[PDB]
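In what follows, a single structure is set out as structure tokens and then discussed.
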Amino acid sequence: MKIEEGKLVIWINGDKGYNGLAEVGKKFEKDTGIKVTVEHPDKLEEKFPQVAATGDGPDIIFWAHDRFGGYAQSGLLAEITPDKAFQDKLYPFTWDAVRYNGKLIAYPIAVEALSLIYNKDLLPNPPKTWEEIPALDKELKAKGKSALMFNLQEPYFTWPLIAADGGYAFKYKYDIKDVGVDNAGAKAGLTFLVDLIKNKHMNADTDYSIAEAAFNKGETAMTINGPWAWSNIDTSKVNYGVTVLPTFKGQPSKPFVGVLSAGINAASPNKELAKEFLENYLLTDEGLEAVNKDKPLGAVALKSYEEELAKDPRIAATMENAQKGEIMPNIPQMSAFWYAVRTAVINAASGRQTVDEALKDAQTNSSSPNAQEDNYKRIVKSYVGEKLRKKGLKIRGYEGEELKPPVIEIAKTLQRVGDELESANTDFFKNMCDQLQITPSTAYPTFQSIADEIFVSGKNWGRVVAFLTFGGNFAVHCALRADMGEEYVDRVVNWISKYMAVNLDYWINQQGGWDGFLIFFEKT
Amino acid sequence: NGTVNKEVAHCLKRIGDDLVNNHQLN
Ligand SMILES: OC[C@H]1O[C@H](O[C@H]2[C@H](O)[C@@H](O)[C@@H](O[C@H]3[C@H](O)[C@@H](O)[C@@H](O)O[C@@H]3CO)O[C@@H]2CO)[C@H](O)[C@@H](O)[C@@H]1O
């Protein structure tokens with residue numbers, strides 16, 4: 001389904017209760033006439049920033065909060081602003097998870113933490129310590145059983161152990177340059193993990209489905225997983241319980257804790273409808289219950305419902321494990337940390353590197369263009385287009401507006417203050433190109449040469465508008481010459497967009513992104 | 001040849017600064 005006024009499209013990961021949500025959707029449609037479509041696309045968390053940066057994607061995106069800081073800093077999520085009576089219905093720490101630079105950028109739904117899940121018949125009392133698991137496994141393989149199987153393919157699952165004795169991602173006001181994935185406690189935890197594998201107690205190939213089948217068939221005594229998984233266990237009839245993770249070197253396993261959150265695409269035209277559905281249909285007792293029946297959510301943010309749920313021993317264990325871990329950061333670098341630790345675990349586990357070589361790759365890779373260019377080009381394109389219509393030029397693909405939500409306001413403000421600048425300098429600009437004497441062979445160096453000399457002494461929002469008006473005029477001038485066609489129009493639009501992504505994106509984000517632009521130049 | 005470019009660029013800078021100064025307050 002495509003974005004469409006008067007309808008909602010929702011993206012949510014395939015392990016959640018999407019059929020229960022769909023039923024809330026149906027009820028909404030019955031009561032209001034508005035159609036809700038729920039989808040669960042593959043790799044949705046990597047697609048969203050690619051397609052949102054071009055004006056596409058869902059109205060509402062569901063994911064844990066660690067991904068959203070990167071999206072918001074790119075301008076892809078709309079700010080959220082509920083009434084006090086509603087904010088008060090949910091727990092405050094869940095709102096803190098979705099606060100990025102003072103702005104709430106999503107609705108918190110449920111608190112998620114890994115717990116140890118065990119087969120009460122084959123392990124009637126579960127181990128309290130990681131270290132005692134190797135002895136338990138030889139004891140169970142004696143019986144054609146295993147002690148423990150969990151997903152070694154996603155770092156989420158192994159991180160509680162890596163963190164236990166001192167592993168950390170970013171030092172806390174977070175220092176990009178102090179990561180801590182190659183400290184001694186990290187090396188110690190991943191060594192335990194890799195030793196379990198080399199000593200034949202786990203298989204480095206094991207993944208989500210292999211572990212679930214194992215446990216729900218009765219072939220392994222334990223697994224590590226979140227509340228979404230309880231539903232399939234109940235169907236298996238296995239006699240299980242849910243409890244606190246084991247300790248490593250005397251200290252708790254420290255899981256990175258996620259808050260399932262619903263963010264609203266900054267390109268959506270249904271922002272207000274999305275909010276009142278979430279607040280009056282999802283975030284009630286009857287709404288969360290419909291989803292919970294499909295796949296358990298965990299510890300819900302909604303006070304009135306969690307007070308019943310809390311009496312389930314499985315939720316008690318969820319919250320115990322959550323208090324021993326850390327709420328994940330939401331910052332943009334979280335992505336590169338996870339990717340770096342993915343490779344390091346996978347490589348140490350398989351055997352292609354030592355721990356010391358891998359976690360030292362993870363250290364450098366954890367620290368430090370095209371996607372931002374596509375962002376900027378939307379803005380650059382709306383403004384070059386208008387200047388083209390102003391001169392009477394008809395250029396393919398620069399016909400008509402059709403702007404989508406974020407750029408509407410930005411475009412408006414940019415034209416207002418841009419006309420300010422050149423109205424006060426009508427001669428200089430009208431003769432600008434007759435000075436330069438551009439040609440196909442001198443065009444690129446002249447464009448760079450001048451742009452660089454604008455900014456050599458420093459940057460401000462006005463030097464950026466001056467720059468955007470220069471490049472726009474440069475473009476219109478290229479369209480005018482029969483030896484430089486419509487081909488030079490998109491070409492110069494690209495020069496401008498890349499120049500911004502390359503040379504100015506840092507300053508622009510430091511001064512607040514386009515929302516800062518909107519406020520600096522705001523009216524009356 | 002290009003020192004014209006330097007002239008043009010110096011002008012664009014001063015032009016941009018004027019715009020910023022006209023909006024320092026809201
Ligand atoms: O490892 C590659 C992978 O890393 C990043 O994914 C992380 C998620 O951002 C993070 O939330 C967590 O994901 C878990 C969900 O919170 C949880 O509800 C449940 O659905 O399982 C998830 C783990 O499978 O951990 C992962 C890292 O393992 C990054 O965002 C991805 O783009 C990337 O593919």
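Chain naming here is simple, since letters A, B, ... match the order of the sequence lines and numbering starts at 1 in each.
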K84(A): salt bridge (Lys or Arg N to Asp or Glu O under 4.0 Å) partners, not counting sequence neighbours: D88(A)
Do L19(B) and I15(B) come within less than 4.5 Å of each other through their side chains, counting heavy atoms only? no
Near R491(A) CZ, under 6.0 Å, is it more than 12 heavy atoms from other residues, nucleotides or ligands? yes
Test salt bridge (charged side-chain N to carboxylate O under 4.0 Å, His left out) applied to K377(A) and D490(A), step by step: CA-CA 10 Å; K377(A) 185 157 167 176; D490(A) 197 69; 3.1 Å; yes
Donor-acceptor check, side chain of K271(A) to backbone of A266(A), threshold 3.5 angstrom: yes or no? yes
Any residue meeting salt bridge (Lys or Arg N to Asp or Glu O under 4.0 Å) with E46(A), in chain and number order, not counting sequence neighbours: none
Say whether, by atom type as modelled, one donor and one acceptor occur between the side chain of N265(A) and the main chain of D59(A) under 3.5 angstrom. no
Exam field: side chain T54(A) to backbone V51(A), donor-acceptor pair closer than 3.5 Å: yes
Tell me, do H10(B) and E7(B) make a side-chain contact under 4.5 Å, heavy atoms counted? no
May I ask you to decide if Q363(A)'s main-chain N or O and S366(A)'s side chain share a donor-acceptor pair within less than 3.5 Å? no
Where do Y376(A) and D505(A) land on the side-chain hydrogen bond (donor to acceptor under 3.5 Å, both in side chains) test, with the steps shown first? CA-CA 9 Å; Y376(A) 288 130; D505(A) 188 62; 2.4 Å; yes
With side-chain contact (heavy atoms from CB on, under 4.5 Å) as the criterion, how do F447(A) and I496(A) come out once you've worked through the C-alpha distance, each side chain's angles and the decisive distance to 0.1 Å? CA-CA 9 Å; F447(A) 176 93; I496(A) 296 169; 3.8 Å; yes
Over 12 non-hydrogen atoms of neighbours within 6.0 angstrom of CD in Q511(A): yes
Between the side chain of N26(B) and the main-chain N/O of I519(A), is any donor-acceptor distance below 3.5 Å? yes
Look at the rings of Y71(A) and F48(A) and say which category their plane angle falls in: under 30° parallel, 30 to 60° tilted, over 60° perpendicular. tilted
Side chains of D452(A) and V456(A) in contact at under 4.5 Å (non-hydrogen atoms): no
Audit row: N270(A), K7(A), side-chain hydrogen bond (donor to acceptor under 3.5 Å, both in side chains) steps and yes/no: CA-CA 8 Å; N270(A) 303 285; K7(A) 296 175 177 192; over 6 Å; no
Flag if over 12 foreign heavy atoms under 6.0 Å of CD, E487(A): yes
For the residue pair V489(A) and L393(A), establish whether any side-chain heavy-atom pair is separated by less than 4.5 Å. no
With a 4.5 Å cut-off on side-chain heavy atoms, are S457(A) and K13(B) touching? yes
Crowding at NZ, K391(A) (>12 non-hydrogen neighbours, <6.0 Å): no
side-chain hydrogen bond (donor to acceptor under 3.5 Å, both in side chains) between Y208(A) and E154(A), worked out: CA-CA 9 Å; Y208(A) 191 97; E154(A) 279 301 339; over 6 Å; no
Inspect the contact between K387(A) and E422(A) and indicate whether a charged nitrogen and a carboxylate oxygen are less than 4.0 angstrom apart. yes
Under the 3.5 angstrom rule, does the side chain of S367(A) hit a backbone N or O of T364(A) as a donor-acceptor pair? no
If you look at every heavy atom in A53(A) and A371(A), which pair is closest and at what distance? CB-O, 4.4 Å
Is it the case that the ring center of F517(A) lies less than 6.0 angstrom away from the ring center of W461(A)? yes
Any side-chain to backbone donor/acceptor pair from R463(A) onto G458(A)? Under 3.5 Å, distance only. yes
Applying salt bridge (charged side-chain N to carboxylate O under 4.0 Å, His left out), run through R99(A) and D96(A) and close with a yes or a no. CA-CA 5 Å; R99(A) 193 173 299 115; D96(A) 288 337; 2.3 Å; yes
Are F467(A) and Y499(A) an aromatic pair by the rule of ring centers under 6.0 Å? yes
Between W159(A) and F337(A) (judged by ring centroids, cut-off 6.0 Å), do the two rings come close enough to count as a pair? yes
Closer than 3.5 angstrom, by distance alone: can the side chain of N183(A) be matched with the main-chain N or O of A186(A) as a donor-acceptor pair? yes
Salt bridge check: are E409(A) and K412(A) linked by an N-O gap of less than 4.0 Å? no
Let's go through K275(A) and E272(A) carefully: what are the C-alpha distance in whole Å and the side-chain angles of both, what is the deciding distance for salt bridge (charged side-chain N to carboxylate O under 4.0 Å, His left out) to 0.1 Å, and is it a yes or a no? CA-CA 5 Å; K275(A) 296 175 194 191; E272(A) 290 307 295; 2.9 Å; yes
So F28(A) and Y281(A), would you call those rings parallel, tilted or perpendicular, with 30° and 60° as cut-offs? perpendicular
Take atom CD of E326(A) as the centre, draw a 6.0 Å sphere, and report whether it contains more than 12 heavy atoms from other residues, nucleotides or ligands. no
Between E357(A) and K360(A), does any NZ, NE, NH1 or NH2 come within less than 4.0 Å of an OD or OE carboxylate oxygen? no
Working note: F474(A) + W495(A), criterion side-chain contact (heavy atoms from CB on, under 4.5 Å); need CA distance, chi angles, decisive distance, verdict. CA-CA 11 Å; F474(A) 197 103; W495(A) 298 354; 4.1 Å; yes
Taking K498(A) for its side chain and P369(A) for its backbone only, find out whether a donor-acceptor pair lies under 3.5 Å. no
Scan side-chain atoms only and decide if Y488(A) and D483(A) contain a donor-acceptor pair under the 3.5 Å cut-off. no
For atom CZ of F428(A), is the number of surrounding heavy atoms from other residues, nucleotides or ligands below 6.0 Å larger than 12? yes
Look at the side chain of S423(A) and the backbone N and O of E420(A), then say whether any donor-acceptor pair between them is shorter than 3.5 Å. no
Is the CD atom of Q87(A) crowded by more than 12 outside heavy atoms at less than 6.0 Å? yes
Less than 4.5 Å apart, side chain to side chain, heavy atoms only: is that true for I61(A) and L77(A)? yes
Beyond-backbone contact of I105(A) with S261(A), side-chain heavy atoms, under 4.5 angstrom: no
Would you check if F157(A) and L114(A) make a side-chain contact, meaning some heavy-atom pair closer than 4.5 Å? yes
